[PDB]
Amino acid sequence: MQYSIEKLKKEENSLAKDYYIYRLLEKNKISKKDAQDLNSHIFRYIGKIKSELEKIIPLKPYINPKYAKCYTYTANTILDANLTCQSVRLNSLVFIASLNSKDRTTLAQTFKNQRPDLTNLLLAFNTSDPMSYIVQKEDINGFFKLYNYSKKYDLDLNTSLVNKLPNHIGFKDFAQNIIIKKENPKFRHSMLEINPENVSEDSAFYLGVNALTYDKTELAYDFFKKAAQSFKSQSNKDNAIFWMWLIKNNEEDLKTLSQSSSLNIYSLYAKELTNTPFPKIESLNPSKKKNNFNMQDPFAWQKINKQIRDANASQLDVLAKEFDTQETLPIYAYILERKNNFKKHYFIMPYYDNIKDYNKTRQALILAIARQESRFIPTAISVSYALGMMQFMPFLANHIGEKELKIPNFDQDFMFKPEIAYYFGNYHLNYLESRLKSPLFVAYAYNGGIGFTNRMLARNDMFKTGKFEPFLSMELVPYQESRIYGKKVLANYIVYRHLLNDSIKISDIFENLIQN
Ligand SMILES: CC(=O)N[C@H]1[C@H]([C@H](O)[C@H](O)CO)OC(C(=O)O)=C[C@@H]1O
C-alpha cells in the first residue's frame with residue numbers, strides 16, 4: 001500500500017508519516033512544487049529525510065538578522081567591525097585560528113576587561129599549544145571549547161584543575177568518550193584524581209571503569225559506590241553495586257543486589273550466586289480475541305502511542321480495558337508497564353505459532369530481541385526507519401526478501417507482518433549465531449552490525465581472560481547504544497529460556513564469553 005503526498009499531508013505529523021514521505025523521496029516522486037510546504041509536514045527533520053529534501057530545495061539559512069552584518073567581515077577585515085560584531089565572530093575557534101597573530105594580540109587587549117574568556121583563547125592560539133595555555137589559566141569554559149574544536153589536544157591535568165571539570169555541562173560526554181574510545185591518555189590518567197565527592201551518576205560510574213583500567217581498585221570502589229548512591233534508575237544502581245561487590249567482596253552488597261526490584265543481568269546473577277528464587281514473571285492471558293484496532297496500520301499506532309504516553313493514571317485504566325484482547329496483547333502489556341510504574345515484569349510471547357517449531361533456545365533469542373527492539377508492536381518504526389517487531393533496516397530487509405528468499409512482490413512493508421518479522425529474524429539470527437556463538441555477541445551484531453562486532457572482538461583487550469572479565473569488557477563496548485542493548489537482550493534471553501522450561505545458568509553464559 002502506497003500513499004500519495006496528498007493523503008500523507010492529511011495525516012498527523014509522526015515518524016510513520018516521515019517514513020512514507022521518505023519512501024516518496026527515494027523513488028523521486030516529490031516534485032520541486034510538492035516540496036514547497038513540506039518542512040511543516042515532517043515530524044523529525046534530521047538525517048536522511050533532510051539531506052534528501054535539501055537535494056530538491058537547498059537551505060542556505062539561518063543567520064539571525066540582528067548579526068547579519070557581522071558575517072560580511074573576514075579574518076582580513078575584522079578590525080573594521082564594531083565591537084559587537086568582533087565579539088560574535090570570536091565565538092568560533094576556527095575563526096580565531098584563522099586570524100593572524102598581530103590581530104589576535106590587538107583583539108586580546110580590546111577584550112581583556114569585559115571578555116577575558118576571549119582574551120585567553122586569542123593569546124592561546126598565538127602559541128604552539130593552545131591547550132597548554134588554557135590549562136595554565138585553569139579556564140574551564142576555554143578547556144571544553146578547545147576540546148570540542150579538536151580532540152587531538154592531550155596534556156596532564158593537576159588535581160585542582162580536574163576537580164573543576166565536573167561542574168561543566170560538557171564533562172559527562174568528555175569523560176565517557178575518552179574512557180570508552182581509549183583516547184587522550186594524559187587526560188584519562190589525570191581523572192584518577194577526581195574526588196568522588198565531586199561527581200555522580202554516569203560520570204562517577206565511568207570514572208570507576210577508568211580506575212579499573214589503571215588497576216586502582218580502591219579508587220574504583222569509591223567511584224562505583226558514589227554512583228550506586230546517586231543513580232536514579234534501579235537498573236543502573238545495580239550495575240554499580242555489582243562492581244562494588246566484584247572489587248571488595250562485601251556480602252551485604254551482593255545481598256542488596258539479589259533483592260533488587262529491577263530484573264537485569266546483575267540482579268539475576270546475584271540471585272543465582274545466593275540460591276535466591278527466580279523473579280516472578282507476570283502472566284497475561286486475555287480471553288477476548290480482538291477489538292476494532294488495526295494492528296497493521298502504522299498511523300493508528302503512532303496515534304494511540306501518543307495517547308498512552310500522555311494519559312493520566314485514570315485514562316490508562318480505560319485504555320488497559322479496551323486493549324485487553326489477544327489480538328492487541330502487545331498494546332495491553334505496553335499500557336500495563338506504564339500503569340504499574342515499571343515495577344512488574346512482562347515477558348509476553350505474541351504470535352507464538354510462528355515460532356513454536358524452532359528449538360526453545362532459538363525461540364528465547366528471537367523473543368529477547370523482539371521485546372527489546374519493539375515491545376512486539378508490529379508497526380514499530382525507529383528514527384532511522386527500522387521496521388516491525390524485529391526492527392529490520394530496509395536495506396537488509398530487501399536483500400533478504402528479494403535477493404535471497406525471492407518472495408513474490410516483496411515490499412519492505414512486509415516487515416510489519418509478525419510472520420515475516422519472526423521468519424526474517426530467525427534467518428538473520430542463524431547467520432550471526434553461526435559466526436559468533438554467544439547470544440551476547442549475537443545481540444551486539446544484531447543492533448550494531450557484524451562488522452563492528454568482529455572488529456571489537458579482534459582487539460586483544462576485549463573479551464579475553466582477566467581478573468574482572470568478562471564484566472569489564474561489557475563496560476568498554478565502544479558504542480553506547482550497543483553496550484546497553486546487549487545487557488538488556490541478555491537478561492531477556494535468560495528470562496525467556498526459563499519461561500520455556502529450557503533454563504540456563506547466567507554463570508555459564510559469562511564463562512563462554514572469555515576466549516583463550
Ligand atoms: C536486523 C537489523 O536490521 N539489524 C541492523 C540494526 C537494527 O535495524 C537496529 O537494532 C534497529 O533497532 O541496525 C543496524 C544499524 O547500524 O543501523 C545494523 C544492523 O545490521
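By convention here, the first residue in the shown sequence is residue 1. First listed ligand is number 1; within each ligand, the first listed atom is number 1.
Ring geometry for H168 against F144 counts as parallel: the plane angle stays under 30°, on a 0 to 90° scale with 60° as the upper cut. Aromatic ring pairs are classed by plane angle as parallel below 30°, tilted from 30° to 60° and perpendicular above 60°; the pair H399 and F395 is parallel.
Below 4.0 Å from some heavy atom of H428 lie the following atoms of ligand 1, by number and element: 1 (C). Below 4.0 Å from some heavy atom of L396 lie the following atoms of ligand 1, by number and element: 1 (C), 2 (C), 3 (O).
Looking from atom 5 (C) of ligand 1 to the surrounding protein, the closest heavy atom is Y446 O, 3.3 Å.
Comparing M390, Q391, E373 by heavy-atom distance to atom 12 (O) of ligand 1, the nearest is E373.
Under 4.0 angstrom from ligand 1, the non-hydrogen atoms of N447 come from both its backbone and its side chain.
Polar contact with ligand 1: present for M393 (N/O pair, distance under 3.5 Å). Note: no N/O pair closer than 3.5 Å links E481 and ligand 1 by distance alone.
Between the side chains of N291 and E322, at least one donor N or O sits under 3.5 Å from an acceptor N or O.
Checked against the 6.0 Å centroid threshold, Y334 and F323 do not count as a close aromatic pair.
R497 approaches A364 most closely through the heavy-atom pair CG-CB, 3.5 Å.
There is a protein heavy atom less than 4.0 angstrom from atom 3 (O) of ligand 1.
Looking at residues two or more places apart in sequence or on another chain, you find no side-chain hydrogen bond (donor to acceptor under 3.5 Å, both in side chains) involving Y3.
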